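Shown next: final_4.txt, containing compact mmCIF, C-alpha atoms and all ligand atoms.
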```
# COMPACT_ATOMS: atom_id res chain seq x y z
CA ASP V 26 0.21 -8.09 0.74
CA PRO V 27 0.88 -9.82 -2.60
CA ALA V 28 3.64 -7.31 -3.37
CA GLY V 29 5.77 -8.83 -0.60
CA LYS V 30 6.32 -11.90 -2.81
CA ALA V 31 8.44 -9.91 -5.21
CA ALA V 32 12.25 -9.85 -4.95
CA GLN V 33 13.22 -6.83 -3.03
CA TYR V 34 14.64 -3.88 -4.99
CA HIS V 35 16.45 -0.83 -3.74
CA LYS V 36 18.98 1.53 -5.33
CA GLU V 37 20.42 4.75 -3.96
CA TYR V 38 22.84 7.51 -4.98
CA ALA V 39 23.31 11.25 -4.44
CA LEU V 40 21.29 13.42 -6.80
CA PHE V 41 22.11 16.93 -5.49
CA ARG V 42 25.82 17.03 -4.71
CA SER V 43 27.03 19.78 -2.39
CA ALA V 44 30.02 21.97 -3.18
CA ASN V 45 32.40 19.86 -1.11
CA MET V 46 31.66 16.65 -3.04
CA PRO V 47 33.35 15.42 -6.20
CA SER V 48 31.37 16.47 -9.27
CA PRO V 49 29.40 19.08 -7.33
CA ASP V 50 26.17 20.30 -8.87
CA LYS V 51 26.44 23.70 -10.52
CA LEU V 52 24.29 25.67 -12.93
CA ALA V 53 25.52 26.20 -16.48
CA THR V 54 26.46 29.76 -15.47
CA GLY V 55 29.02 28.35 -13.02
CA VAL V 56 26.99 29.15 -9.91
CA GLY V 57 27.42 26.36 -7.39
CA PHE V 58 25.87 25.75 -4.00
CA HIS V 59 27.28 25.07 -0.57
CA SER V 60 24.21 22.97 0.28
CA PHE V 61 21.07 21.51 -1.17
CA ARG V 62 18.05 21.15 1.11
CA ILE V 63 14.27 20.93 0.98
CA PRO V 64 13.53 18.34 -1.73
CA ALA V 65 10.41 17.87 -3.82
CA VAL V 66 9.79 15.23 -6.48
CA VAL V 67 6.99 14.41 -8.93
CA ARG V 68 6.48 12.05 -11.83
CA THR V 69 4.78 13.87 -14.69
CA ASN V 70 2.15 12.33 -16.93
CA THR V 71 4.83 11.49 -19.50
CA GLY V 72 6.77 9.43 -16.92
CA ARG V 73 9.52 12.02 -16.62
CA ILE V 74 10.65 12.72 -13.05
CA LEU V 75 11.16 16.30 -11.85
CA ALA V 76 13.32 16.81 -8.75
CA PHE V 77 13.46 20.19 -7.03
CA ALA V 78 15.55 21.59 -4.19
CA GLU V 79 16.78 24.72 -2.52
CA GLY V 80 20.27 25.59 -3.72
CA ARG V 81 21.65 27.29 -0.64
CA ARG V 82 24.53 29.29 -2.05
CA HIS V 83 26.92 30.22 0.75
CA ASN V 84 26.02 28.07 3.79
CA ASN V 85 23.27 25.75 4.96
CA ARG V 86 20.98 28.41 6.47
CA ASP V 87 17.33 28.88 5.60
CA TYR V 88 17.81 32.56 4.73
CA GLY V 89 20.07 34.49 2.40
CA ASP V 90 20.69 33.87 -1.26
CA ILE V 91 18.88 30.62 -2.04
CA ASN V 92 17.78 29.58 -5.51
CA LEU V 93 15.06 27.09 -6.42
CA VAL V 94 16.84 24.53 -8.59
CA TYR V 95 15.84 21.33 -10.32
CA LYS V 96 16.80 18.34 -12.44
CA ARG V 97 14.73 16.17 -14.75
CA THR V 98 15.22 12.70 -16.03
CA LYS V 99 16.66 12.94 -19.51
CA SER V 100 13.83 10.95 -21.02
CA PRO V 101 10.25 10.21 -19.94
CA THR V 102 10.99 6.47 -19.73
CA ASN V 103 14.28 6.04 -17.86
CA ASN V 104 12.62 6.24 -14.40
CA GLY V 105 15.69 7.82 -12.82
CA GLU V 106 17.38 4.43 -12.62
CA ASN V 107 21.03 5.49 -12.96
CA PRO V 108 22.92 8.73 -12.25
CA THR V 109 23.43 9.27 -16.00
CA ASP V 110 19.66 9.19 -16.47
CA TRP V 111 19.41 12.70 -14.99
CA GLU V 112 19.98 16.02 -16.68
CA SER V 113 22.37 18.60 -15.28
CA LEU V 114 21.18 21.10 -12.69
CA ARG V 115 18.81 23.86 -13.84
CA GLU V 116 17.24 26.87 -12.12
CA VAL V 117 13.56 27.64 -11.65
CA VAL V 118 14.18 31.01 -9.99
CA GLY V 119 17.21 32.76 -8.54
CA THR V 120 16.59 36.47 -8.99
CA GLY V 121 18.14 38.90 -6.62
CA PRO V 122 19.81 38.09 -3.30
CA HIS V 123 16.53 36.64 -2.04
CA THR V 124 15.44 33.32 -0.59
CA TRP V 125 13.41 31.22 -3.04
CA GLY V 126 12.38 27.85 -1.67
CA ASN V 127 9.84 25.48 -0.20
CA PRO V 128 9.20 23.71 -3.53
CA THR V 129 5.70 22.26 -3.55
CA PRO V 130 4.77 20.85 -6.97
CA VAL V 131 1.60 19.23 -8.21
CA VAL V 132 1.02 17.60 -11.59
CA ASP V 133 -2.21 18.57 -13.37
CA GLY V 134 -2.55 16.84 -16.73
CA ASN V 135 -0.05 18.53 -19.06
CA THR V 136 0.71 21.34 -16.59
CA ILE V 137 3.04 21.13 -13.61
CA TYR V 138 2.26 23.73 -10.95
CA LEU V 139 5.06 24.66 -8.56
CA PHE V 140 4.26 26.68 -5.46
CA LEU V 141 7.17 28.17 -3.56
CA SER V 142 7.94 30.44 -0.64
CA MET V 143 10.07 33.58 -0.81
CA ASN V 144 11.56 36.18 1.44
CA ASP V 145 13.55 39.30 0.80
CA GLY V 146 17.27 38.67 1.12
CA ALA V 147 17.62 41.10 4.04
CA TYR V 148 15.21 39.13 6.30
CA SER V 149 15.23 35.89 8.23
CA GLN V 150 12.79 34.02 10.42
CA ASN V 151 14.51 35.06 13.66
CA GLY V 152 16.33 38.19 12.54
CA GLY V 153 19.81 39.14 13.66
CA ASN V 154 21.53 36.54 11.49
CA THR V 155 24.84 37.21 9.72
CA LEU V 156 24.89 37.52 5.95
CA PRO V 157 27.89 37.24 3.63
CA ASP V 158 28.38 41.02 3.35
CA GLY V 159 28.68 41.38 7.10
CA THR V 160 25.22 42.75 7.71
CA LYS V 161 22.57 41.20 9.96
CA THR V 162 19.12 40.25 8.82
CA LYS V 163 15.90 41.91 9.95
CA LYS V 164 13.21 39.66 11.46
CA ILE V 165 10.49 38.57 9.09
CA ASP V 166 7.41 40.67 9.89
CA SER V 167 3.94 41.48 8.53
CA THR V 168 5.07 44.25 6.16
CA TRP V 169 4.95 43.69 2.44
CA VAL V 170 8.75 43.83 2.15
CA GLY V 171 9.42 41.84 5.32
CA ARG V 172 6.87 39.02 5.17
CA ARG V 173 7.12 35.59 3.62
CA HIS V 174 5.58 35.54 0.15
CA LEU V 175 3.96 32.75 -1.83
CA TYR V 176 4.74 32.40 -5.51
CA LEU V 177 3.47 30.15 -8.31
CA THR V 178 5.26 29.06 -11.46
CA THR V 179 4.06 26.57 -14.08
CA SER V 180 5.47 24.40 -16.80
CA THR V 181 3.60 23.17 -19.84
CA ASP V 182 6.60 21.50 -21.48
CA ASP V 183 7.23 18.68 -19.03
CA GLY V 184 9.41 20.82 -16.77
CA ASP V 185 11.75 22.01 -19.48
CA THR V 186 10.91 25.65 -18.83
CA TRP V 187 9.03 27.59 -16.17
CA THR V 188 6.96 30.76 -16.29
CA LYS V 189 8.18 33.80 -14.40
CA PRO V 190 6.93 33.22 -10.85
CA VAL V 191 3.77 35.13 -9.97
CA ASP V 192 3.43 36.51 -6.40
CA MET V 193 0.13 35.11 -5.08
CA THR V 194 0.58 36.31 -1.50
CA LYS V 195 -2.27 38.84 -1.57
CA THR V 196 -4.88 36.19 -2.40
CA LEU V 197 -3.36 32.91 -1.13
CA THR V 198 -1.81 33.99 2.19
CA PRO V 199 -3.87 35.47 5.00
CA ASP V 200 -3.54 39.19 5.50
CA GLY V 201 -1.39 40.20 8.42
CA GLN V 202 0.75 37.04 8.41
CA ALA V 203 4.51 37.27 8.85
CA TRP V 204 6.26 33.87 8.59
CA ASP V 205 4.77 31.40 6.10
CA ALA V 206 5.52 28.15 4.34
CA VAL V 207 4.08 26.15 1.50
CA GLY V 208 4.66 22.41 1.72
CA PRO V 209 7.45 21.65 1.19
CA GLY V 210 7.18 18.46 -0.83
CA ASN V 211 4.08 18.10 -2.96
CA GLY V 212 0.42 18.73 -3.55
CA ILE V 213 -2.15 16.34 -4.97
CA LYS V 214 -4.93 16.02 -7.51
CA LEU V 215 -8.14 14.58 -6.07
CA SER V 216 -10.24 11.90 -7.66
CA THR V 217 -12.84 14.66 -8.23
CA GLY V 218 -10.24 16.77 -10.08
CA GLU V 219 -9.38 19.58 -7.68
CA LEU V 220 -5.78 20.35 -6.73
CA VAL V 221 -4.80 20.58 -3.05
CA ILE V 222 -1.54 22.15 -1.89
CA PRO V 223 -0.63 22.05 1.82
CA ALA V 224 0.56 25.29 3.42
CA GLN V 225 1.00 26.80 6.85
CA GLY V 226 -2.36 26.95 8.62
CA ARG V 227 -4.33 26.25 5.41
CA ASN V 228 -4.78 24.28 2.27
CA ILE V 229 -4.58 25.98 -1.12
CA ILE V 230 -7.27 24.63 -3.43
CA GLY V 231 -7.03 24.75 -7.22
CA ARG V 232 -10.22 24.48 -9.24
CA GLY V 233 -11.01 24.74 -12.90
CA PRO V 234 -10.14 22.93 -16.10
CA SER V 235 -6.83 21.05 -16.12
CA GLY V 236 -4.07 23.59 -16.71
CA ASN V 237 -6.31 26.60 -16.15
CA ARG V 238 -6.82 26.68 -12.44
CA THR V 239 -7.75 29.45 -10.04
CA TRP V 240 -6.83 29.06 -6.40
CA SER V 241 -8.43 29.73 -3.03
CA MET V 242 -7.53 29.24 0.64
CA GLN V 243 -9.07 26.65 2.95
CA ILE V 244 -8.18 28.03 6.38
CA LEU V 245 -7.45 25.33 8.96
CA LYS V 246 -7.61 25.47 12.74
CA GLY V 247 -4.63 23.83 14.41
CA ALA V 248 -2.62 22.98 11.31
CA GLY V 249 1.15 23.07 11.23
CA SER V 250 3.52 25.18 9.23
CA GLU V 251 4.94 22.33 7.12
CA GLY V 252 2.07 20.10 6.08
CA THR V 253 1.50 17.06 3.95
CA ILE V 254 -1.74 16.32 2.13
CA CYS V 255 -3.18 13.01 1.01
CA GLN V 256 -6.50 11.74 -0.33
CA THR V 257 -6.85 8.48 1.56
CA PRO V 258 -8.55 5.43 0.01
CA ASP V 259 -11.91 6.44 1.51
CA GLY V 260 -11.79 9.62 -0.59
CA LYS V 261 -11.27 11.90 2.40
CA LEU V 262 -8.49 14.43 2.81
CA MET V 263 -5.77 14.03 5.42
CA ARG V 264 -3.25 16.54 6.71
CA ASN V 265 -0.21 14.98 8.37
CA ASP V 266 1.90 17.82 9.63
CA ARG V 267 5.22 18.56 11.23
CA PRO V 268 4.61 19.34 14.91
CA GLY V 269 5.81 22.46 16.69
CA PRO V 270 7.29 20.57 19.61
CA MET V 271 9.38 17.48 19.06
CA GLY V 272 7.39 14.29 19.56
CA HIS V 273 4.90 13.04 16.98
CA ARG V 274 3.13 13.96 13.77
CA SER V 275 0.00 16.01 13.95
CA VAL V 276 -2.91 14.66 11.85
CA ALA V 277 -6.39 15.80 10.79
CA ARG V 278 -8.99 14.43 8.38
CA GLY V 279 -11.93 15.82 6.47
CA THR V 280 -12.99 17.08 3.05
CA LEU V 281 -12.95 20.22 0.93
CA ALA V 282 -15.75 21.47 3.23
CA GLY V 283 -13.42 21.39 6.22
CA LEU V 284 -11.08 19.31 8.35
CA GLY V 285 -11.68 18.05 11.90
CA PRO V 286 -9.33 18.59 14.78
CA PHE V 287 -5.60 18.07 14.55
CA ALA V 288 -4.26 15.57 17.07
CA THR V 289 -0.95 14.06 18.00
CA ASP V 290 -0.59 10.65 16.31
CA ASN V 291 1.39 8.57 18.80
CA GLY V 292 1.98 5.97 16.10
CA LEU V 293 4.25 8.35 14.16
CA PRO V 294 7.15 9.72 16.19
CA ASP V 295 8.77 12.81 14.66
CA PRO V 296 11.54 15.16 15.88
CA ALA V 297 9.82 18.30 14.56
CA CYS V 298 10.91 17.82 10.97
CA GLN V 299 9.20 17.73 7.59
CA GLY V 300 7.78 14.42 6.35
CA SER V 301 6.27 13.10 3.16
CA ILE V 302 3.27 11.02 2.22
CA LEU V 303 2.09 9.32 -0.97
CA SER V 304 -1.07 7.59 -2.14
CA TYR V 305 0.63 4.68 -3.91
CA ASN V 306 -2.28 2.81 -5.45
CA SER V 307 -6.06 2.63 -5.43
CA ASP V 308 -6.53 -1.00 -6.57
CA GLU V 309 -6.71 -3.83 -4.05
CA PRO V 310 -5.05 -3.48 -1.53
CA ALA V 311 -4.96 0.34 -1.55
CA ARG V 312 -1.82 1.72 0.11
CA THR V 313 -0.59 4.97 1.57
CA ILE V 314 3.18 5.41 2.05
CA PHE V 315 4.66 7.68 4.74
CA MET V 316 8.28 8.75 5.24
CA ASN V 317 9.87 10.71 8.08
CA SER V 318 12.50 10.38 10.79
CA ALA V 319 10.80 7.94 13.17
CA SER V 320 12.26 9.42 16.34
CA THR V 321 11.12 11.92 18.90
CA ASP V 322 14.50 13.67 18.89
CA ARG V 323 16.71 12.94 15.87
CA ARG V 324 16.47 13.35 12.11
CA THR V 325 18.70 10.32 11.40
CA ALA V 326 16.04 7.63 11.90
CA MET V 327 14.50 7.66 8.44
CA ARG V 328 11.65 5.19 8.08
CA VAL V 329 9.25 4.41 5.24
CA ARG V 330 5.92 2.79 6.11
CA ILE V 331 2.68 1.52 4.57
CA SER V 332 -0.89 1.96 5.73
CA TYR V 333 -3.65 -0.26 4.39
CA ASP V 334 -6.39 1.60 6.28
CA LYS V 335 -9.01 3.48 4.30
CA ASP V 336 -8.41 6.47 6.59
CA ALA V 337 -4.66 5.77 7.00
CA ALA V 338 -5.26 5.43 10.76
CA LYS V 339 -2.36 2.99 11.30
CA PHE V 340 1.00 2.52 9.62
CA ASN V 341 3.25 -0.49 9.91
CA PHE V 342 6.82 -0.45 11.26
CA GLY V 343 8.00 -0.42 7.68
CA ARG V 344 11.68 -0.26 6.85
CA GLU V 345 14.57 1.80 8.19
CA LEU V 346 16.43 3.42 5.30
CA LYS V 347 19.73 2.70 7.03
CA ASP V 348 19.26 -0.94 6.02
CA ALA V 349 20.37 0.19 2.53
CA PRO V 350 22.90 2.79 3.55
CA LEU V 351 24.69 5.04 1.12
CA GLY V 352 28.25 5.83 1.56
CA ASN V 353 30.02 9.02 0.68
CA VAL V 354 27.05 11.34 1.28
CA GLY V 355 27.27 12.24 4.96
CA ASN V 356 24.68 11.24 7.54
CA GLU V 357 21.28 10.60 5.97
CA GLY V 358 18.20 12.09 7.49
CA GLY V 359 15.89 15.06 7.33
CA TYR V 360 13.33 16.28 4.85
CA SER V 361 12.00 13.89 2.22
CA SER V 362 9.75 13.71 -0.81
CA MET V 363 8.21 10.70 -2.58
CA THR V 364 6.69 9.91 -5.94
CA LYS V 365 5.62 6.73 -7.74
CA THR V 366 7.70 5.89 -10.81
CA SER V 367 6.36 4.29 -13.99
CA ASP V 368 8.20 1.07 -13.19
CA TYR V 369 6.32 0.55 -9.90
CA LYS V 370 8.88 1.93 -7.54
CA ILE V 371 8.73 4.56 -4.91
CA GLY V 372 11.22 7.28 -5.71
CA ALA V 373 12.30 9.29 -2.67
CA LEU V 374 14.55 12.28 -2.20
CA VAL V 375 16.11 12.34 1.29
CA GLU V 376 18.31 14.98 2.89
CA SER V 377 21.77 14.13 4.18
CA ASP V 378 24.18 16.17 6.30
CA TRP V 379 28.00 15.96 6.25
CA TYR V 380 27.87 17.57 9.67
CA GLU V 381 31.42 18.90 9.51
CA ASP V 382 30.52 21.98 11.60
CA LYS V 383 27.98 19.89 13.55
CA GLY V 384 24.75 21.97 13.67
CA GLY V 385 26.59 25.12 12.49
CA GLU V 386 26.02 26.88 9.20
CA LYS V 387 29.12 25.53 7.49
CA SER V 388 28.04 21.85 7.41
CA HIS V 389 27.39 20.81 3.84
CA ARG V 390 24.01 19.32 2.97
CA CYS V 391 23.25 17.04 0.03
CA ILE V 392 20.23 15.10 -1.25
CA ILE V 393 19.97 11.36 -1.93
CA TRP V 394 17.72 9.74 -4.55
CA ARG V 395 16.38 6.36 -3.49
CA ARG V 396 14.19 3.98 -5.40
CA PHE V 397 12.64 0.88 -3.87
CA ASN V 398 9.72 -1.42 -4.45
CA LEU V 399 6.91 -2.29 -2.03
CA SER V 400 8.64 -5.61 -1.31
CA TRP V 401 11.66 -3.85 0.16
CA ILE V 402 9.31 -2.09 2.57
CA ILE V 403 7.11 -5.07 3.42
CA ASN V 404 9.98 -7.39 4.00
CA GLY V 405 11.77 -5.15 6.46
CA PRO V 406 13.23 -7.28 9.27
CA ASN V 407 11.19 -5.46 11.86
CA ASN V 408 8.02 -5.25 9.84
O1 LIG W 1 4.35 -3.14 -6.80
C1 LIG W 1 3.39 -2.73 -7.47
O2 LIG W 1 3.17 -1.52 -7.72
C2 LIG W 1 2.46 -3.78 -8.13
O3 LIG W 1 3.17 -4.25 -9.29
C3 LIG W 1 2.03 -4.96 -7.24
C4 LIG W 1 1.06 -4.48 -6.16
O4 LIG W 1 0.61 -5.59 -5.38
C5 LIG W 1 -0.16 -3.83 -6.80
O5 LIG W 1 -1.02 -3.29 -5.79
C6 LIG W 1 0.38 -2.72 -7.64
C7 LIG W 1 -0.71 -1.93 -8.38
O6 LIG W 1 -1.52 -2.80 -9.17
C8 LIG W 1 -0.03 -0.93 -9.33
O7 LIG W 1 0.94 -0.17 -8.67
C9 LIG W 1 -1.08 0.00 -9.95
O8 LIG W 1 -1.69 0.87 -9.00
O9 LIG W 1 1.29 -3.21 -8.67
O1 LIG W 2 15.22 22.34 9.02
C1 LIG W 2 14.36 23.04 9.59
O2 LIG W 2 13.88 22.78 10.72
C2 LIG W 2 13.90 24.34 8.93
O3 LIG W 2 14.60 25.35 9.66
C3 LIG W 2 14.23 24.40 7.43
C4 LIG W 2 13.26 25.26 6.63
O4 LIG W 2 13.99 25.94 5.60
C5 LIG W 2 12.52 26.25 7.52
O5 LIG W 2 11.58 27.02 6.74
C6 LIG W 2 11.73 25.48 8.58
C7 LIG W 2 11.17 26.40 9.66
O6 LIG W 2 12.24 27.02 10.36
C8 LIG W 2 10.30 25.64 10.68
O7 LIG W 2 9.20 25.02 10.03
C9 LIG W 2 9.80 26.57 11.78
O8 LIG W 2 9.03 27.64 11.22
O9 LIG W 2 12.53 24.45 9.21
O1 LIG W 3 19.33 14.42 14.20
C1 LIG W 3 19.49 15.63 14.18
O2 LIG W 3 18.56 16.45 14.16
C2 LIG W 3 20.96 16.11 14.10
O3 LIG W 3 21.58 16.01 15.39
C3 LIG W 3 21.82 15.30 13.13
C4 LIG W 3 21.41 15.61 11.73
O4 LIG W 3 22.28 14.94 10.90
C5 LIG W 3 21.53 17.11 11.46
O5 LIG W 3 21.07 17.42 10.07
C6 LIG W 3 20.65 17.81 12.48
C7 LIG W 3 20.69 19.35 12.47
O6 LIG W 3 22.02 19.85 12.69
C8 LIG W 3 19.80 19.80 13.67
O7 LIG W 3 18.54 19.09 13.75
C9 LIG W 3 19.53 21.30 13.62
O8 LIG W 3 18.70 21.65 14.73
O9 LIG W 3 21.02 17.48 13.79
```

Would you kindly transcribe this structure into structure tokens?
Ligand SMILES: O=C(O)[C@@]1(O)C[C@H](O)[C@@H](O)[C@H]([C@H](O)[C@H](O)CO)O1
Ligand SMILES: O=C(O)[C@@]1(O)C[C@H](O)[C@@H](O)[C@H]([C@H](O)[C@H](O)CO)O1
Ligand SMILES: O=C(O)[C@@]1(O)C[C@H](O)[C@@H](O)[C@H]([C@H](O)[C@H](O)CO)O1
Amino acid sequence: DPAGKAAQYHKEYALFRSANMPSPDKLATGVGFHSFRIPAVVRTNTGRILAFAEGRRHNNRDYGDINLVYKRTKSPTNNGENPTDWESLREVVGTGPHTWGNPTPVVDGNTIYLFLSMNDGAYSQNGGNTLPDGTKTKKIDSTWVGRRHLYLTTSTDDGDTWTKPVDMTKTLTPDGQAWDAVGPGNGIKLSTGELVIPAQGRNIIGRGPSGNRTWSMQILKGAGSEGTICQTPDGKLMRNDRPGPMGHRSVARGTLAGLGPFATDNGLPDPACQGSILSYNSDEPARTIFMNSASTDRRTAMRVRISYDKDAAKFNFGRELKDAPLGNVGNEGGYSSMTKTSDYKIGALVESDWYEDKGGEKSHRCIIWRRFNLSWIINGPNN
């Protein structure tokens, strides 16, 4: 790979700073957040970078009062190089006591689409969970009030502002479903112009002129809840999904007409956690980048890899993120999201956990922003 001849570049710092950290991230209203989880990042067509997360207000749990927050690079050209290149925290949506999350953006010309999941603030995946007012949640169910919803918001001003989210559940989630997820992480725009957003059990397909899309479901058999989508160099679609059981990623391939079976990919260990994938370039040699925790049981084995295959059948060992460790952010590992920057880097958001309460709800979570070039990957000591 000719990119391995370049001097290796990496840089890393916290981008979403939990309440316990110095200079914690707060909205302009003064609302701060115990934890940030569930990253998503995209480069827009101006070069600006948009970074999204769940602002988990009171603890690190997946339910309760959770706002979908974001930052942008201050200019379209700074590429997120330094901490001071980023704007202060902003909010996409935070209405009510509800959960707003699962950011899943896709850039479409001069429009950025952002899909997101939602649940009523009185409900949680399992039910019976304690909330800050001393009540217990109800279990998410198939009722309109109790199910997971799917919302869409857009921006036509390079992420500066967002439309009021529109509930798309009745047309873009199967009837009768209870739990749901979109992404989280990102969707894609195909070479043939359609938009594809990964979701639980299905893809969501956007068709129409750029910025004036209408959406439909592509129902999958055997897909996961938290999926990734890619158009591989052969032009085919690939789903690479978080498994139910701990072990390995679950992968399927196909087209807009349908995907083939999902199968365990024994080349990609995974501890039942979200991952991220990125088509980096289409010119020779075409590359796909994959990031997850490369372990069958822990989230603290973050690894970024390259595939040169036209179907992304095989990835290399790649490079363990711990080789460029970041201090003062807790223990790195968990969900991730990647984009390509204008200056030929990969920009990745990566979860990190202070772990003060171990796996309990009081452990503060933050999100790291990494940038690195292909050379840093290629030249990994074990690659
Ligand atoms: O590190 C990069 O990104 C590089 O500079 C060198 C790579 O070998 C080449 O594949 C790549 C590609 O030409 C552009 O990314 C446009 O897709 O450019
Ligand atoms: O860190 C996790 O594991 C998490 O709990 C965080 C997410 O907020 C949640 O939506 C998702 C979900 O619980 C699983 O995908 C099983 O449905 O996973
Ligand atoms: O590697 C893991 O998975 C770990 O042990 C350490 C991680 O730093 C932490 O974020 C994670 C989390 O508390 C559990 O995965 C919840 O089930 O636990």

Q: Kindly compile the residues surrounding ligand LIG 2 (chain W) within 10 Å, counting all atoms listed in the file, and format them as a VMD selection string.
A: chain V and resid 62 to 63 79 81 85 to 88 124 126 to 127 142 149 to 151 204 to 209 225 249 to 252 267 to 269 296 to 299 324 359 to 360

Q: Quote the spacing between atom CA of residue 134 of chain V and atom CA of residue 304 of chain V in Å to one decimal place.
A: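 We find that atom CA of residue 134 of chain V and atom CA of residue 304 of chain V lie 17.3 Å from each other.
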
Could you list, with a cut-off of 6 Å and counting all atoms listed in the file, the residues of chain V near ligand LIG 1 (chain W), each shown with its nearest atom pair and the distance in Å rounded to one decimal, rows sorted by chain and ascending number, as a Markdown table?
```
| residue | atom | partner | partner_atom | distance |
| --- | --- | --- | --- | --- |
| V:27 | CA | W:LIG1 | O4 | 5.1 |
| V:28 | CA | W:LIG1 | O4 | 4.0 |
| V:306 | CA | W:LIG1 | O8 | 4.1 |
| V:307 | CA | W:LIG1 | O8 | 5.9 |
| V:308 | CA | W:LIG1 | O8 | 5.7 |
| V:309 | CA | W:LIG1 | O5 | 6.0 |
| V:310 | CA | W:LIG1 | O5 | 5.9 |
| V:369 | CA | W:LIG1 | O2 | 4.4 |
| V:399 | CA | W:LIG1 | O1 | 5.5 |
```

Q: List all protein, DNA and RNA residues that have at least one atom no more than 8 Å from any atom of ligand LIG 3 (chain W), counting all atoms listed in the file, and write them as a ChimeraX atom specification.
A: /V:296,322-326,356-359,377-380,383-385,390

Q: Fewer than 5 positions away in the same chain doesn't count, so skip those; otherwise give me all residues within 7 Å of segment 98-102 of chain V, counting all atoms listed in the file, as a list in words.
A: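 Result of the neighbour search: residues 71, 72, 73, 74, 75, 110, 111 and 112 of chain V.
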
Q) Within 7 Å of residue 370 of chain V, counting all atoms listed in the file, which residues qualify if same-chain residues fewer than 2 places away don't, as an MDAnalysis selection string? A) chainID V and resid 365:366 368 372 396:398

Q) Rounded to one decimal in Å, what is the spacing between atom CA of residue 91 of chain V and atom CA of residue 168 of chain V? A)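 It comes out at 21.1 Å.
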
Q) Using only C-alpha atoms, can you list as a ChimeraX atom specification the residues within 12 Å of (3.5, 42.1, -3.5)? A) /V:143-145,168-176,191-198,200

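Non-sequential neighbours of residue 226 of chain V (distance at most 7 Å, separation of 2 or more positions within a chain, all atoms listed in the file) are residues 224, 244, 245, 246, 247, 248, 249 and 250 of chain V.
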
Q. Please, what distance in Å, to one decimal, runs between atom CA of residue 393 of chain V and atom CA of residue 349 of chain V?
A.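 If I compute the distance from atom CA of residue 393 of chain V to atom CA of residue 349 of chain V, I get 12.0 Å.
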
Q. Taking (-7.9, 1.9, 7.3) in the file's coordinates as the center, which residues reach within 12 Å of it, counting only C-alpha atoms, put as a ChimeraX atom specification?
A. /V:257-261,310-313,331-341

Box for segment 201-214 of chain V: with edges along x, y and z, all listed atoms inside and 6 Å added on each side, what are the centre and edge lengths in Å to one decimal, as JSON?
```
{"center_x": 1.3, "center_y": 28.1, "center_z": 0.7, "size_x": 24.4, "size_y": 36.2, "size_z": 28.4}
```

(Q) Taking 3 positions as the minimum chain separation for residues in the same chain, which residues sit within 12 Å of segment 280-286 of chain V when counting only C-alpha atoms? Answer as number ranges by chain. (A) V: 215, 217-222, 226-232, 241-249, 254-257, 259-265, 275-277, 289-290
